[PDB]
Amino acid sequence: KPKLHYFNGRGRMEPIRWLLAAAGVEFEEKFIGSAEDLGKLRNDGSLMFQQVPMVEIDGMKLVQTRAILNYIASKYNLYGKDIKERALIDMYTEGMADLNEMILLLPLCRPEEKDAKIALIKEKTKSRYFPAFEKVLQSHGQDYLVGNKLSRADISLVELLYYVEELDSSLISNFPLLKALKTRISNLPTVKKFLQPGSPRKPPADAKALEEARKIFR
């Protein structure tokens, strides 16, 4: 069983949880709850760059989010059928990571900044990102983004759609195809289970959570 090392929260590890659950893979989590917990990991020489996420899988101690995701996607055949499909998949997911990065960092923005940031995110979501993905779905009219079959791109997108919903649920409003994809994916047996209460799925970070995580990683 793959074991995920991270604090008890979303952070950068969430995408990995989504992908494994989607692939139908059982996994364990070992939560870091103190600077000393991180310290131990860091001293065992388990973290190549002395950072987490870190995942123990197939005899490896993989570090670096993209590295972990690529390995998992390939192993479970959610990374396309050829080099060109991987290109489309990577192009789509990097765009998703860019939008997710703005949202993921919103808390660190100073109170005078935040307002300006929020407007920006919303603006880019409606004029930049959602239009781009609605357009690929439109380009071929299939239920999946690439190769007419489930891939990590579909899973990342839907994960991103839920996050956006938490910000402002009206942003997806003028994008039917994205709405249809969200429903379809949320209904796949594996994802539906992951979406239910009590799953390893993590909640949005709250004041307390943010703070406590800042102590650990200092």
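Numbers follow the displayed sequence, beginning with 1.
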>> Comparing average C-alpha B factors as deposited, tell me which of 73-81 and 97-105 sits higher.
In response: 97-105
> Once you work out the mean C-alpha B-factor for both 2-10 and 209-217 from the entry, which is higher?
Replying inline: 209-217
> Per the coordinate record, which of the options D154, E28, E56, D44 holds the highest CA temperature factor?
Replying inline: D44
> Sorting the chain's CA B-factors, does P131 end up in the lowest, middle or highest third?
Replying inline: middle
> So where's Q64 on the chain's Cα temperature factor ranking, which third?
Replying inline: lowest
> Among the modelled residues of its chain, does the C-alpha B-factor of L120 lie in the lowest, middle or highest third?
Replying inline: highest
>> Using the temperature factors of the C-alpha atoms in this entry, rank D143 within its chain: lowest, middle or highest third.
In response: middle
> Taking the entry's C-alpha B-factors for this chain, is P204 in the lowest, middle or highest third?
Replying inline: highest
